[PDB]
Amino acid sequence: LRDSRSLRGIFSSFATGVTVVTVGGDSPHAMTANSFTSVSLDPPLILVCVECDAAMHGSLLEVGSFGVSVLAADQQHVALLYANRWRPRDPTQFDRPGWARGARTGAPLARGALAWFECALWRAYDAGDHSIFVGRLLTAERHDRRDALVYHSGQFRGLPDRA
């Protein structure tokens, strides 16, 4: 239980979709998250868990709102990039055609995603080495159903789906 590689392994038995959480503002940023969870319908709430030592932890608190893009299976590379701590953190990357801007927050939203969310930060709860960020939905939108990106047993997987 004290071993990270082992415990991460047990955790990996639970399959997930994959998202990219984003902020806009002066210093736009993006990161890959699979801790995304639908929480409540009234009021409409979701949550994500972000490492305390991660840059997005501070950005979320600074900006107070965020975007979420649920990734299709052909967006594995997007998932990989924004999980990469060594990545370019340059705001120019979000001006590329692969990004849309949320109508409500201006947060980057990944084109081709299965779905988009914009949220206002409702609360941030302590949770050990992570914090639980609860967002109240401002906008939400589902796109064409197609194969979904899935993360299971530490592997990226494609989940077939069609309307």
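Throughout, we count residues from 1 along the sequence that is shown.
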(request) Mind pulling up the entry and telling me whether 96-104 or 111-119 has the higher mean Cα temperature factor? (result) 96-104
(request) For the higher mean C-alpha B factor in the entry, choose 13-21 or 143-151. (result) 143-151
(request) Would you please rank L81 by its C-alpha temperature factor against the other modelled residues of its chain and give the third it falls in: lowest, middle or highest? (result) lowest
(request) Please place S69 in the lowest, middle or highest third of its chain by C-alpha B factor as given in the entry. (result) lowest
(message) When the deposited Cα B-factors of this chain's modelled residues are ordered and cut into thirds, is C52 in the lowest, the middle or the highest one?
(response) highest
(request) Place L45 in the lowest, middle or highest third of its chain's C-alpha B-factors, as listed in the PDB entry. (result) lowest
(request) Check where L61 lands among this chain's C-alpha B-factors and tell me if it's the lowest, middle or highest third. (result) middle
